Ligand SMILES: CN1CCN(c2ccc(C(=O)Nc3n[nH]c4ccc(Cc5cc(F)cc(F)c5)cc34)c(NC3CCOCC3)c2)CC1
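Before any questions on binding or motion, here is one chain by itself as structure tokens, the form deposited without the named molecule.
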């Protein structure tokens, strides 16, 4: 345990945000967590069970999350292990998951504090993609493999800060984004490359394939990839080499980055470093450049 511990009394649950098979997520006040703030909001994941399996899991997940600290990874603050339920404390991200954020700022579009009215602009869509790519750079740096990279598994906070992370309930909230195979096995097939579906191999390079599909989601304002297709039809068309078609809002410049992630041969896919650098440069480009993309 390099894991930070937080006393139960410093956490006051306000209400539920979300619910899964393995736990609930609450919004809470946390006291004496940061210097500038004696009181701040957090999201708290409470473990449903607390058995031999659940608690050695929990202890591992706590170690991994303590190790992943970066500007575009959901901030993990620590655990509360003084009397059940066991709690994991996280930064509260007020716009929820990126898929929901994308859908509620789509081409059919309520502007507010963080976002213009209307559909998100090119500038905004690129700044989102760029942030997700920044988190994928940091994970690949540590040779960590995600395996479920999707907009649903990103969050959005104040200022449209976008960070990779979920509460491990995406299977329950987004059951349609998964193919159920086993009795309890659920594969994000629409996000997976041919080597992951055929050979069951998962690598850095299946993560960049999955990021290319995140980039497609972003530029379709959260549409499900292959939504027109069933699970079996999507497997067929992915293993047979069919590529998702350019989203309306996606400049050719950007459709090419998407295609660099989707080379059939893993070693041919561009590196995440290269993709970040392309999206950041676009995101930071002056309006005069962007207006003619």
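Take the two forms, superpose them, and find the largest set of C-alpha atoms that agree within 1.5 Å; that set is the rigid core. Numbering follows the first chain given and starts at 1.
- Compared with other PDB entries of the same protein, residue 59 is present in all of those that resolve the residues around it, none of them, let alone a third, dropping it.
- Modelling of residue 170 is missing from a third or more of the other compared entries in which both of its neighbours are modelled.
- According to the entry, the deposited sequence has no residues without coordinates between residue 173 and residue 174, so the chain runs continuously there.
- With 227 to 235 and 261 to 269 compared on mean CA B-factor from the PDB entry, the stretch scoring higher is 261 to 269.
- Taking only CA atoms, the mean B-factor in the PDB entry is higher for 49 to 57 than for the other of 49 to 57 and 251 to 259.
- Across 222, 117, 188, 165, the entry's maximum B-factor at the CA atom is seen for 117.
- Note on the listed residues 107, 78, 157, 193: the highest Cα temperature factor in the record is that of 107.
- When the modelled residues of the chain are ordered by their C-alpha B factor, residue 67 lands in the highest third.
- Among all modelled residues in its chain, residue 93 ranks in the lowest third by Cα B-factor.
- Ranked against the other modelled residues of its chain, the C-alpha B-factor of residue 211 as given in the entry falls in the lowest third.
- Residue-level temperature factors show residue 125 in the lowest third of its chain, judged at the C-alpha atom.
- Among the modelled residues of its chain, residue 277 has a C-alpha B-factor that falls in the highest third, as given in the PDB entry.
There is another form of the same protein, the form solved in complex with the named molecule; it is not shown, and what comes next is about it.
- Site check by superimposition: the named molecule, modelled from its position in the bound PDB entry, clashes with the backbone and C-beta atoms of this form, with 3 or more atoms inside 2.4 Å, and the site reads as blocked.
- The three residues 215, 225 and 247 each lack any heavy atom within 4.5 Å of the named molecule in the bound PDB entry.
- Heavy atoms of residue 11 never reach within 4.5 Å of the named molecule in the bound PDB entry, leaving it off the interface.
- By the criterion of a heavy atom within 4.5 Å, residue 154 is counted among the residues contacting the named molecule in the bound PDB entry.
- Taking the partner from the other structure, the named molecule in the bound PDB entry has a heavy atom within 4.5 Å of a heavy atom of residue 17.
- The closest non-hydrogen atom of residue 25 lies within 4.5 Å of the named molecule in the bound PDB entry.
- With the named molecule left out of view, the stretch that reaches within 4.5 Å of it through heavy atoms in the bound PDB entry is, among 193 to 201, 95 to 103, 215 to 223, 124 to 132, 95 to 103.
- The contact with the named molecule in the bound PDB entry, taken as any heavy atom within 4.5 Å, belongs to 43 out of 43, 30, 235, 261.
- In summary, among the residues 187, 120, 80, 74, the only one with a non-hydrogen atom within 4.5 Å of the named molecule in the bound PDB entry is 74.
- Core-based superposition between this form and the one not shown shows that, of 222, 168, 121, 157, only 168 has its Cα displaced by 2 Å or more.
- When the rigid core is held fixed, the Cα atom of residue 243 travels less than 2 angstroms between this form and the one not shown.
- Core-aligned CA deviation for residue 55 between this form and the one not shown: 2 Å or greater.
- In the core-superposed comparison between this form and the one not shown, the C-alpha atom of residue 19 has shifted by at least 2 angstroms.
- Pairwise change in the bound PDB entry: residue 222 and residue 174 C-alpha atoms lie farther apart than in the shown form, at least 3 Å.
- Whereas the displayed form keeps them at a certain spacing, the CA atoms of residue 70 and residue 173 lie at least 3 angstroms farther apart in the bound PDB entry.
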